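In what follows, a structure is listed as structure tokens, so that the remarks can point back to it.
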Amino acid sequence: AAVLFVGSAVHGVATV
Amino acid sequence: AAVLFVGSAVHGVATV
Amino acid sequence: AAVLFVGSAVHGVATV
Amino acid sequence: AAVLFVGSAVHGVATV
Amino acid sequence: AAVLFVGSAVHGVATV
Amino acid sequence: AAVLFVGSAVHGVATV
Amino acid sequence: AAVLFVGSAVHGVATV
Amino acid sequence: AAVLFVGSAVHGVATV
Amino acid sequence: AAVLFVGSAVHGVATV
Amino acid sequence: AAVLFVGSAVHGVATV
Amino acid sequence: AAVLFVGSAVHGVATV
Amino acid sequence: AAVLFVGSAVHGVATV
Amino acid sequence: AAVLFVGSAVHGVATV
Amino acid sequence: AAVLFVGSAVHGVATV
Amino acid sequence: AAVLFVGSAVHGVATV
Amino acid sequence: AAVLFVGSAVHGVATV
Amino acid sequence: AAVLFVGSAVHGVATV
Amino acid sequence: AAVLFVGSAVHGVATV
């Protein structure tokens, strides 16, 4: 799964 | 504190 | 607690 | 020591 | 390199 | 899953 | 943005 | 290497 | 110390 | 955004 | 229409 | 037929 | 020449 | 010839 | 026309 | 057969 | 404790 | 301070 940095501010890490 | 992956796949990150 | 980055650049970890 | 997440959802860091 | 969350439970981070 | 470009030449696309 | 292969079969490419 | 979709419109695929 | 994302999008990581 | 491990040694994490 | 990969392994491209 | 990225960022693959 | 996605949403492929 | 994803998750690109 | 990866690692998409 | 990128830079697509 | 990347490229994560 | 991994394999976090 890809480790991702998501959001737009508030961001966080997600895995897909 | 422990790093956690939460979700079910897509996971986000939490801390306790 | 959710791990969130907060900022607009420098983004820090919000204590949640 | 390996960094491993253990769980089945919540996954925590195993002390290895 | 892609940062990845791998495994299937036991997971961990890998870079490719 | 991450789309990756892997190999060393010969390369290919893999998904993890 | 990450190029991802997502779905569950039916899959597709998404970008995040 | 990560397959990425980059640009700002005009976009393209890059690998890192 | 706090983990920071720095940049503006492309971010790198810093610590304070 | 893709979380990436970049560099070539000195490496670091970047997000794209 | 969506470009998708369909299958269950081998997955082919379909338009829906 | 032309292959397209459709979306708004998150994109997926479409074709007319 | 570059293979690119052009658009502003729907993005088509162009060669530049 | 049709382009395929083959594998089982990890997939690679094949074509018959 | 053949689609190519051009670059040196970081690659982008070109076509002659 | 595998779809691959072959080259040493410019890499073209080959079927093996 | 120090975070380590271990491997040789593919790296995994260890801690000391 | 920048987060950097230093090594050539084991890579550790440089105190910067």
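In this document, chain identifiers A, B, C, D, E, F, G, H, I, J, K, L, M, N, O, P, Q and R correspond to the written order of the chains, with residue numbering beginning at 1 in each.
The rule is simple: a residue touches a chain if its C-beta (ideal position, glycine included) is under 8 Å from a C-beta of that chain, and two chains touch if they have at least 3 such contacts.
Asker: Give a one-word verdict, same or different, on whether subunit F and subunit N use largely identical residue numbers at their interface, taking over half shared as same.
Answerer: Mostly different residues form this interface, as fewer than half of the numbers used are common to both chains.
Asker: Where among E-J, G-J or H-O does the F-N interface show up again, with more than half of the contact pairs the same?
Answerer: H-O
Asker: Taking each chain's centre as the mean of its CA atoms, how far is subunit E from subunit I in angstrom?
Answerer: One centre to the other, that is 22 Å.
Asker: What whole-Å value do you get for the distance between subunit A and subunit E if each is reduced to the mean of its CA atoms?
Answerer: 15
Asker: Could you check subunit B for residues that touch two or more other chains and list them?
Answerer: Correct list: 3, 5, 7, 9, 11-14.
Asker: List the residues on subunit H that touch subunit O in their complex, please.
Answerer: 1, 12-16
Asker: With touch defined as at the start, can you tell me which subunit G residues reach subunit K in the complex?
Answerer: Within the complex, subunit G contacts subunit K at residues 5, 7, 9-13.
Asker: Within their complex, state which residues of subunit D touch subunit E.
Answerer: Residues 2-8, 11, 14 of subunit D touch subunit E in their complex.
Asker: Which residues, counting only subunit F, touch subunit G once they are in their complex?
Answerer: 1-3, 15
Asker: Show me the residue ranges of subunit J that touch subunit H in the complex, using the header's touch definition.
Answerer: 2, 4, 6, 16
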